[PDB]
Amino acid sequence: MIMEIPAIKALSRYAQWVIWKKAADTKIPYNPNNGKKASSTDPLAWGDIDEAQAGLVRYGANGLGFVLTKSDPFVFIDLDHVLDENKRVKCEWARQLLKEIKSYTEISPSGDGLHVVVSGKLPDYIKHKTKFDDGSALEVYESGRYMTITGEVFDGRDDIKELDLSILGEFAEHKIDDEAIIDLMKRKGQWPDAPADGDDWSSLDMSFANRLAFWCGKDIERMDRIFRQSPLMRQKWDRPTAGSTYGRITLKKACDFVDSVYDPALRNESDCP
């Protein structure tokens, strides 16, 4: 079955294969030759498909993976949550993409998404991940990452095709440190958990806003960017309230309340983790 798929034979012309196992809610890639965790950028942590299939058996893994590199011709298009229970496409944007990008297509391991593998290059003005309102999403990659390989061919599309992908711009959002201070607040116990029922969410907002004022140097714009990636973000944040929004009033009250400020001369703080 899987060894008879033309796309698999094309991919098997590369020693960029891994195996993966499901751990928690994510799929971890493994070196198929020693069973250790595999880096997506170390070529000697991978194997050819013979080694990957033997390691899949040897270590009891859940499936094969393939690591994309800038040098190989492959592009990975991931259609998240686009299939119904009968493995039929339920998102109109996804139905359109498949009409316009015809190449190797397989059902993803969870059974409700699709993988499309194309020979080409991505447009430079599209974002790696686009999320839609119905919970579906579009992810595109051509390097620095592995894809799971299921061999569950969709609509008989078993062959990788050479295709220009500029028209991916119809579907992906167009594009034109914060993560540092995030990581800083996280490792110092200052990053909030998602609210549980019974919590005064608005009070969680202010406590986190105060911590943001310190760690962000009262940079209101940074504070806002940072809050939107936190488990306390909700639609109320952008709610018009009096002269502005609930979020903007919260952040300004935080800036007025906190006295101390973290300056990267490594200073420390009023609020405890």
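The first residue of the sequence shown is number 1, and the count goes up from there.
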For this session: Classify the number of deposited-sequence residues missing from the model between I176 and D177: none, 1 to 3, 4 to 9, or 10 or more.
Result: 10 or more
Exercise. Taking only the CA atoms, which stretch has the higher mean B-factor in the record, 140-148 or 87-95?
Worked result: 87-95
Seminar exercise, completed: Between 61-69 and 212-220, the record assigns the higher mean Cα B factor to 212-220
Exercise. Out of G169, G120, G113, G198, which one has a C-alpha B factor higher than all the others in the entry?
Worked result: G198
Exercise. Looking at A10, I19, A15, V261, which has the highest CA B-factor as recorded?
Worked result: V261
Problem set entry | B-factor third for the C-alpha atom of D155 within its chain | highest
For this session: Could you tell me which third, lowest, middle or highest, the C-alpha B-factor of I182 occupies within its chain?
Result: highest
Exercise. C-alpha B factor of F132, ranked within the chain: lowest, middle or highest third?
Worked result: highest
Problem set entry | Among modelled residues of the same chain, the CA temperature factor third for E162 | middle
For this session: Tell me, lowest, middle or highest third: where does the Cα B factor of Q190 rank within its chain?
Result: highest
